[PDB]
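Participant:
Chains as they are written, first to last, in our numbering: chain A, 163 to 193; chain B, 1312 to 1360.
#1: Within this structure, are the beta carbons of residue 1325 of chain B and residue 1337 of chain B separated by less than 8 Å?
#2: Starting from residue 1324 of chain B, trace the beta strand (DSSP E) in both directions and tell me its first and last residue.
#3: Tell whether a beta-carbon distance below 8 Å holds between residue 192 of chain A and residue 1318 of chain B.
#4: Quick one: which chain A residues come within Cβ less than 9 Å of residue 1355 of chain B?
#5: In terms of DSSP beta bridges, what is residue 1344 of chain B paired with?
Here you go:
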């Protein structure tokens, strides 16, 4: 049913530095 | 009393620095309100013995 790819390139694991990203509202109380 | 702070609908209460409830939403309507204690002021008495 689902398609199958024949060939694909191997995955590259290059890394990049984040910069002050990925913060969330930890509570549901108004401050 | 009436208050001028509008916040996101996942918040219900409001706490100050001393963790006292200062701002609240309302049920039976949708309106923000400010709560304050009604004990206030310094009282001093003078007696001549």
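Where is the CB? At the ideal position from N, CA and C, for every residue including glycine.
Facilitator: In this structure, then:
#1: Here residue 1325 of chain B refers to the residue found at position 14 of the second chain. Here residue 1337 of chain B refers to the residue found at position 26 of the second chain. No; because the gap between Cβ atoms is not below 8 Å, this pair is not in contact.
#2: The sequence position of residue 1324 of chain B within the second chain is 13, counting from 1. First-last of the beta strand (DSSP E) with residue 1324 of chain B: 1324-1326.
#3: What you label residue 192 of chain A is simply residue 30 of the first chain in a count that begins at 1. What you label residue 1318 of chain B is simply residue 7 of the second chain in a count that begins at 1. Yes. Within cutoff.
#4: On the second chain, position 44 is the one that residue 1355 of chain B refers to. The premise fails here: residue 1355 of chain B is roughly 37 Å from chain A at the closest Cβ pair, so nothing lies under 9 Å.
#5: Taking the second chain and counting its residues from 1, one reaches residue 1344 of chain B at position 33. For residue 1344 of chain B, which the question treats as bridged, DSSP gives the partners B:1313 and B:1335.
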